[PDB]
Structures are given as C-alpha cells and as structure tokens.
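Colleague: First, the structure itself, so that you have it in front of you.
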Amino acid sequence: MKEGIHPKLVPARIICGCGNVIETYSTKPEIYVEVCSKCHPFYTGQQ
Amino acid sequence: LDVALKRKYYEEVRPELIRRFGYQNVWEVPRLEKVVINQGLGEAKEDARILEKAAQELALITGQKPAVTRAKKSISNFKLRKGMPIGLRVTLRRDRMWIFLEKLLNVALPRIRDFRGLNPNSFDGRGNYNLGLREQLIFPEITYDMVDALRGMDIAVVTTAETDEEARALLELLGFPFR
Amino acid sequence: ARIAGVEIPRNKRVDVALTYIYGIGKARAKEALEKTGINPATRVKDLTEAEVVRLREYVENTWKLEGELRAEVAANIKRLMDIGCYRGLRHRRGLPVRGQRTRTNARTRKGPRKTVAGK
Amino acid sequence: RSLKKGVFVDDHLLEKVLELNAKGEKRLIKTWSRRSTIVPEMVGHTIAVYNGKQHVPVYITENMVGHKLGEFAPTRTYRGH
Amino acid sequence: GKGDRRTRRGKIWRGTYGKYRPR
RNA sequence: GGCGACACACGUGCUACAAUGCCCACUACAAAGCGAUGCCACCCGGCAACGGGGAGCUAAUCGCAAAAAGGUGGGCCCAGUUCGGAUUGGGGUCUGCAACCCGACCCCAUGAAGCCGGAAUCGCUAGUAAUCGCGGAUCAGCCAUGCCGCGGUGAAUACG
RNA sequence: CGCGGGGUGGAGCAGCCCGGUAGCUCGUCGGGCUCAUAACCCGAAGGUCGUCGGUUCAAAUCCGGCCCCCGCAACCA
RNA sequence: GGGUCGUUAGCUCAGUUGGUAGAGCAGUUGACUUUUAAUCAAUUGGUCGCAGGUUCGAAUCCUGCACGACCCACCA
RNA sequence: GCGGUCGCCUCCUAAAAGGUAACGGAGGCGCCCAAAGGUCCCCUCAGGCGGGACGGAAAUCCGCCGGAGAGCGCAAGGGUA
Ligand SMILES: [Mg+2]
Ligand SMILES: [Mg+2]
Ligand SMILES: [Mg+2]
Ligand SMILES: [Mg+2]
Ligand SMILES: [Mg+2]
Ligand SMILES: [Mg+2]
Ligand SMILES: [Mg+2]
Ligand SMILES: [Mg+2]
Ligand SMILES: [Mg+2]
Ligand SMILES: [Mg+2]
Ligand SMILES: [Mg+2]
Ligand SMILES: [Mg+2]
Ligand SMILES: [Mg+2]
Ligand SMILES: [Mg+2]
Ligand SMILES: [Mg+2]
Ligand SMILES: [Mg+2]
Ligand SMILES: [Mg+2]
Ligand SMILES: [Mg+2]
Ligand SMILES: [Mg+2]
Ligand SMILES: [Mg+2]
Ligand SMILES: [Mg+2]
Ligand SMILES: [Mg+2]
Ligand SMILES: [Mg+2]
Ligand SMILES: [Mg+2]
Ligand SMILES: [Mg+2]
Ligand SMILES: [Mg+2]
Ligand SMILES: [Mg+2]
C-alpha cells in the first residue's frame with residue numbers, strides 16, 4: 001500500500017454468541033459481535 | 001502475510017476443488033483475486049463533504065483508503081453534472097483482500113436482520129459473484145455511535161474460475177453462507 | 001449492545017427499553033427480566049455484559065422476533081387471502097378485517113379521504 | 001370467538017360429507033349451513049354455499065382448516081363506485 | 001387512558017376485570 | 001341473506017394529544033336502584049376471561065361491591081415517548097341451535113392518528129360548568145361511548 | 001404563393017424573448033354562515049403547453065416542417 | 001471612456017462625532033369586526049459600495065475598485 | 001416594386017485534378033479556452049449482454065464482448081485511438 005495516511009490494519013480480536021473468532025487482522029483492533037449465523041443461532045444449523 | 005482464510009484456501013479448499021473438478025495444472029484451479037467494494041452514493045452529490053465519513057469508515061472496515069468515483073455523463077433527472085463525485089471504489093487484493101473477506105464471513109453477514117443466506121444466482125455466468133449491503137454497521141469497526149447515516153455498497157468478487165459452477169464451489173468451500 | 005436484528009435500546013430503563021424491541025413489550029418484558037433475574041429498574045446504558053448475554057440469548061432464542069416474526073405475520077395474510085377467504089378480501093383490496101363499520105370513518109385502514117361531489 | 005368443547009358443524013352436510021369422505025366418489029353438495037365449521041375432515045370436496053341469493057362452489061384445501069364455511073362464500077356485491 | 005384495556009384505568013372504564021384489574 | 005354495504009358528506013358523542021399528567025402498590029369516603037327464573041360473599045384451579053365448587057339472602061338481614069377521583073409511597077423526565085390505544089397477527093373464555101357475514105370479554109404480539117384543532121360554532125349563572133365513578137331499565141348475549149338516573153370533589157363571571 | 005404575431009388547466013390572460021420550476025382572475029369541488037339561494041368566508045382539485053422532428057445534460061421556452069389562428073399586403077396593368 | 005452620484009437588515013429608503021440605530025409598507029403574534037379593511041399593541045443583532053488605511057472608536061472619513069442612477073461630450 | 005438577399009465556414013450542385021452558374025438543395029459564423037495553451041509520463045471508446053443495496057434504459061461498481069459506430073468546446077466535411 002502507498003506509504004502515508006492510511007489505516008494501520010494490525011491483528012485484532014473479536015467475539016461471537018459462542019466464544020472467540022481468531023483470524024481478525026483489522027485496523028481499530030478489539031471489536032464485539034452480538035450474534036453469529038456461524039456460531040449459529042439465527043440461520044445455519046436450523047431452529 | 002498469514003491470514004487464516006488465505007491459509008484455509010491453500011490447505012483444504014484447493015484440494016477439495018481438485019478432487020471435485022480435476023485439473024491437469026495447478027493454475028487451472030480457481031484462485032481468488034480482487035474483491036472490489038463500491039459505494040454508489042447519490043446520497044452525497046451536491047453536498048460532497050458528507051462523503052469522507054463514508055470514505056474514512058470504508059477504509060476502516062477494509063483497511064484501505066478508497067479512491068473516489070466521478071460522473072461518466074450528465075443526466076438531468078437527478079442532478080449529475082459530468083463532474084461530481086458519486087462514490088468510493090476500493091480495490092482489495094492479496095492478504096488485505098482475505099483479512100477483510102474473513103471478517104466479512106465471520107461477523108458481517110451474521111449481523112444482518114434475517115440473513116436467510118446469500119442469493120445463489122448472483123454469479124455473472126463467467127464465474128464471478130457480487131452482492132450488495134445496506135447498513136454498514138454490520139461490520140465490526142462500525143459502532144452505530146459513529147454512523148451519521150446509513151449507506152450500503154456493492155461488493156464484487158472476481159475469480160480465475162472460468163465458469164459459474166466452480167465459482168460457487170470456491171466460494172462455498174471458503175465458507176460462504178449460501179442457498 | 002443489541003437484541004434480535006439489531007434494535008439497540010439505550011439509557012432510560014431496561015424493562016422500558018425492551019418494548020423498543022419488536023415482538024416484545026410490558027408482559028413479555030417484565031417476566032423475561034426475572035427469568036434472567038436481572039433488575040428491571042436497571043439503566044440499559046450501564047449494566048454488565050453478563051446481564052446482556054443472558055438477556056440477549058434468552059430473548060433471541062425464546063420467541064420469534066421481527067426479522068422472523070414480521071415475516072410470519074405477513075405470512076398468515078398471503079394465506080388468509082389468495083385462498084379466497086373473507087378476511088382475505090378485506091386484506092386483498094384493503095378494508096377493515098374484524099367486523100366494524102365502513103359507511104363512516106375507517107380512516108386508519110382506509111388512508112386519507114379522497115373527496116368527491118354531492119347530489 | 002372460539003368454542004373448544006364445541007367445534008360445531010351442522011349435521012345436514014356433516015352427514016353428507018362424512019358419507020362423501022368415505023364414499024368412493026364426490027361431487028358438489030349445496031348447503032345453507034355457513035354457520036358450520038369446515039373440516040378437519042371435509043377437505044378436497046367441491047361444495048355449493050349460499051349467500052342469500054345462490055349457491056357458490058368451494059374447492060377445499062387445508063388452508064381452509066377451521067374457517068366457518070361461508071368465509072369463502074361472500075354475501076356482498078361491490079366492484080367499487 | 002380510559003381506553004387501554006391493558007390498564008387499571010381502562011378496565012374500570014369498560015367495567016370489566018382482568019390481570020390488570022383483578023377482582 | 002340484508003337492515004352492519006363504502007368514492008365520499010353532515011349531525012350527536014367517547015377516548016385523546018400529556019407532567020395540575022400517565023403507570024404500580026397501599027389506605028379511605030357515596031347515593032340510588034337491582035337481585036332467592038336471579039345477585040353469587042367465600043375456597044380452589046386459571047396470568048385472566050372464566051371454570052370449579054359451594055354458603056347466604058324471597059332480602060334495611062344476604063349478594064352485585066369494586067366506588068372513582070382522591071389519599072400515601074414509589075416510578076416515568078418532556079420523548080410521538082411508561083403519552084395515546086386505532087389497526088392487525090395469534091391464543092383462548094362465555095352466551096347461544098349457531099359468533100364467516102356480524103357478537104361481548106381475557107391474554108400475547110402490534111402499537112396508528114394525534115404536540116389543543118380553518119372559516120365557524122355549542123353548553124353552562126351554583127352546588128351550576130367541568131371533571132370522577134355507580135346504578136338501573138331493554139336484555140340470552142351485545143356492539144351503551146346511548147338514554148333515564150345517583151351521589152363524589154368542585155371553579156370562573158355578569159360593568160352593562 | 002408573400003411578410004408579421006399567435007396556439008398554455010373548462011373561459012380569458014401571463015410565463016417563452018433570458019432552458020431547469022408553469023402563474024392571475026373567473027369557473028368548478030368540499031366545507032362555512034342563511035329558513036333557504038346569491039353575495040361573502042375557509043379549503044382543495046385540475047395541464048404537458050397545436051403537433052411532429054431536431055438541438056441540449058434538461059425544451060412551454062431555442063431551430064425546422066406541417067396544422068390551424070389572427071393581422072398586413074396583392075401596386076404600374 | 002470624462003463628470004456628478006451613488007451606494008440601506010425582506011423591499012424602499014432615512015443616517016458623514018468616532019458611539020446606538022432605525023422611520024414607512026411588508027411578515028408573524030395579539031386585540032377589533034363577519035365580510036374587506038381601517039385603525040391599534042409586540043422582534044432578533046442584520047458586524048449596510050468592497051477589501052484596505054485614519055484615530056479612543058468608526059453602518060459613519062481617506063486612497064482603491066467593482067457597480068448603479070444621472071448628465072455632458074465623441075465616433076475614422 | 002413588394003418580398004428576399006448582400007461578407008465568412010461546411011456539404012452537395014461540380015461532369016473522379018483546379019475552377020465553375022441560377023431569386024438551385026441544405027446548414028453554420030460575427031465566438032469560445034489562463035486551460036480548451038506548451039511539454040513529459042501514463043490512459044483508450046461508444047455500445048450490447050450478464051452481474052450487483054438504495055440505482056430505475058440511463059449515477060456508480062464487476063465481468064466478458066466491442067477497430068471504431070465514441071470523443072475531439074459549436075455547423076458540416078476531412079481526419080483521428
Ligand atoms: Mg471469472
Ligand atoms: Mg364491531
Ligand atoms: Mg398507556
Ligand atoms: Mg380524563
Ligand atoms: Mg342480518
Ligand atoms: Mg340502522
Ligand atoms: Mg360492517
Ligand atoms: Mg358515542
Ligand atoms: Mg389462582
Ligand atoms: Mg328485617
Ligand atoms: Mg357490577
Ligand atoms: Mg405522527
Ligand atoms: Mg375540536
Ligand atoms: Mg338561567
Ligand atoms: Mg352505564
Ligand atoms: Mg420545464
Ligand atoms: Mg361553494
Ligand atoms: Mg402608382
Ligand atoms: Mg425592396
Ligand atoms: Mg425589400
Ligand atoms: Mg471537381
Ligand atoms: Mg473535372
Ligand atoms: Mg488538447
Ligand atoms: Mg459500456
Ligand atoms: Mg445491467
Ligand atoms: Mg467519429
Ligand atoms: Mg467528421
């Protein structure tokens with residue numbers, strides 16, 4: 001990426017309805033997740 | 001340069017696709033280039049300074065500063081002097097493509113009301129697939145206390161797949177919630 | 001944080017801020033507040049993610065909510081019509097469904113008045 | 001509006017339908033009992049109901065489950081103004 | 001108000017009894 | 001079956017648009033008429049409608065009964081908002097031969113218009129108006145917000 | 001054949017000229033006051049601008065043709 | 001192009017200490033009536049040819065320059 | 001006479017060089033741009049079909065296809081990726 005004034009994109013951590021989500025790598029690290037349709041209520045693995 | 005889904009493509013998505021279609025060459029197997037995100041905004045036209053929240057919060061969720069579209073021709077119905085900015089278009093590749101693409105699949109699409117799955121027919125027949133979003137706050141980096149106003153985008157994803165079949169296969173096996 | 005769909009409520013009360021979730025209010029609230037044991041008088045701005053997940057999870061699983069619910073309320077309708085049923089006509093072409101009186105004010109179900117002319 | 005200990009169906013047609021239900025054959029019977037319930041068992045028949053004026057045929061499905069027999073035989077004429 | 005069948009003030013108005021106006 | 005139609009138009013009213021206000025708990029004060037074909041205290045199940053049971057009174061005895069406002073304490077914090085309950089989905093109660101047309105009520109979900117109403121125009125001179133309940137007739141049930149009545153608290157203003 | 005102006009809600013006028021949106025009176029519709037009607041008051045509705053091309057980003061608006069309309073003219077012979 | 005002159009919060013204006021800021025029809029409010037009026041009675045700052053430069057201060061003087069109204073002249 | 005016209009550009013007329021007339025057929029000019037100029041370096045159209053939130057034939061984005069039908073400030077012709 002061309003060098004100057006452009007978001008950092010540093011490894012991060014995020015959650016789910018179940019436990020954590022790994023891969024991450026986001027600028028503005030450490031965010032939060034209400035729901036996951038793959039942790040999966042609310043779609044997959046139906047109900 | 002690591003990026004879990006990138007890895008999961010090479011180890012376990014690639015071979016499943018070789019077993020399934022079968023391939024003389026390592027190259028023929030569909031690879032994944034260029035997920036390009038485009039916000040068409042009339043939403044900011046005569047006021048073009050509304051843009052740069054929508055541009056800065058684009059770069060926040062992709063991790064890349066978008067460039068700015070402008071107007072092909074002048075169309076009188078909505079405004080549209082041949083000059084003005086319509087929206088942002090950011091091209092994503094290579095890691096930075098995946099780093100965003102996994103965050104898309106583990107977070108974004110979960111966070112939509114409903115989400116009965118991704119429409120299966122959006123493959124363009126030459127074996128790319130694009131879709132479109134509304135509330136940008138389905139993303140992690142968007143807190144709904146940073147939203148001035150909602151606007152979506154159109155996400156196109158391109159693939160070295162020559163056909164639509166293999167397009168869905170590549171995307172399914174990358175864990176694309178589908179129908 | 002947020003309930004089914006998104007529907008973030010905030011500040012004010014918790015029991016109160018629950019009505020602002022669709023498919024819920026008063027009754028379906030004050031009870032699901034004890035069934036998580038959470039204080040109803042709590043102020044949804046301040047409270048522990050503890051209380052949130054036990055509340056967010058209870059509600060999202062328990063009963064059908066708008067993303068799913070509104071889909072289903074509409075679903076009875078297209079069935080209540082398209083069958084040929086009576087209420088289905090009052091739906092089909094858009095008049096009041098349960099008894100009542102159409103000679104004078106329907107106004108809610110009828111829209112605003114389109115006036116014409118006398119004898 | 002329920003009954004429940006109840007579920008009233010006039011026995012004019014109820015006999016004819018239960019006899020048509022297990023019959024071997026079916027055609028259209030014409031009743032005045034719209035005050036009935038319809039089914040659980042009546043489904044699949046054509047039946048001519050009455051509006052005050054004449055006898056209207058009704059094809060029957062399960063979407064017609066509990067719905068009293070005349071919801072499907074309307075009493076009015078409109079076509080607007 | 002006196003028209004909410006879900007309130008005390010309302011049921012009193014109609015004259016009826018319920019979970020919001022038990023006898 | 002209709003009298004219950006609905007592009008519309010007028011009349012009479014009810015509930016309202018909120019903080020002298022709404023919601024919850026607790027505690028208090030009436031008059032009048034009805035009712036042993038009925039009114040059902042009281043126990044039980046039911047969130048509840050109501051269903052059970054069941055005691056009393058031809059009733060200054062026993063029952064409808066709860067009066068409401070208020071009073072007290074607590075909550076709401078000026079929001080189309082805990083205002084407001086129209087509309088609609090769903091679940092049941094009961095009357096009745098039967099509740100689709102077309103019933104009343106309970107609960108769940110839904111929460112609409114409406115932020116004091118254009119030209120106009122109504123009532124009221126005192127225990128009146130406003131506002132708050134309650135009874136009765138008709139009646140199986142009920143579309144009563146009606147009408148006939150009853151007490152509760154209780155203004156303003158008349159130069160002329 | 002000739003030169004000039006015009007065709008816009010039911011009527012009568014603006015707007016065209018200077019591209020971007022259509023206005024004014026009357027009529028009409030709903031309400032008001034009245035025993036009632038007019039008068040009067042409060043509200044509203046209603047049109048693609050003769051037509052057909054073209055121009056432009058956009059045409060009642062600018063250009064060409066045609067269709068009507070009104071006006072002037074047609075003299076020495 | 002010369003000469004005079006302007007120049008004004010919605011509009012017209014009316015203001016040359018260096019102070020504020022209006023006076024009329026307008027707009028809203030509010031009495032009055034019926035109708036139309038006519039009378040009455042209530043307002044934010046709106047940093048007033050434009051940037052500059054005079055001073056204790058300039059809507060508010062001085063050069064600038066954009067403009068307008070007026071008037072003279074002249075046009076191979 | 002009245003009407004029209006009167007200079008300049010483009011197209012035909014014009015007879016395959018030039019030129020060429022009529023009150024022959026058709027249109028345009030009396031400007032515009034301090035970038036719409038110089039140069040260096042990039043870039044390649046219109047259109048059609050599929051795809052894709054609010055996007056509809058037309059805003060933007062993504063594919064294939066597209067040798068010039070686009071663009072070149074304005075008329076026509078020549079020219080031109
Ligand atoms: Mg491809
Ligand atoms: Mg009714
Ligand atoms: Mg309420
Ligand atoms: Mg009240
Ligand atoms: Mg009838
Ligand atoms: Mg009648
Ligand atoms: Mg009716
Ligand atoms: Mg009424
Ligand atoms: Mg109990
Ligand atoms: Mg005695
Ligand atoms: Mg009683
Ligand atoms: Mg509203
Ligand atoms: Mg009123
Ligand atoms: Mg008197
Ligand atoms: Mg009563
Ligand atoms: Mg126009
Ligand atoms: Mg009239
Ligand atoms: Mg002569
Ligand atoms: Mg001449
Ligand atoms: Mg001449
Ligand atoms: Mg030649
Ligand atoms: Mg030659
Ligand atoms: Mg050039
Ligand atoms: Mg194209
Ligand atoms: Mg397309
Ligand atoms: Mg070309
Ligand atoms: Mg050419």
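Here, residue 1 is simply the first one shown, and the rest follow in order.
Determined via X-ray crystallography, 3.2 Å.
A Cβ is built for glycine as well, from the same backbone N, Cα and C atoms used for every other residue.
Straight from Swiss-Prot, here's the annotation block:
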type	residues	note
BINDING	A:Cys16, A:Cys18, A:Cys36, A:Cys39	Zn(2+) binding site
Colleague: Including all protein chains shown, what's the count of other C-beta atoms within 10 A of the C-beta of A:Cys36 (Zn(2+) binding site)?
Modeller: 22
Colleague: Here the binding-site residues are A:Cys18, A:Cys39; which one has the lowest number of other Cβ atoms no more than 10 Å from its Cβ?
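Modeller: Minimum Cβ neighbour count within 10 Å, taken over the binding-site residues A:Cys18, A:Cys39, occurs at A:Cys18.
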Colleague: Including all protein chains displayed, how many Cβ atoms other than that of A:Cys16 (Zn(2+) binding site) lie within 10 Å of its Cβ?
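Modeller: The answer is 20.
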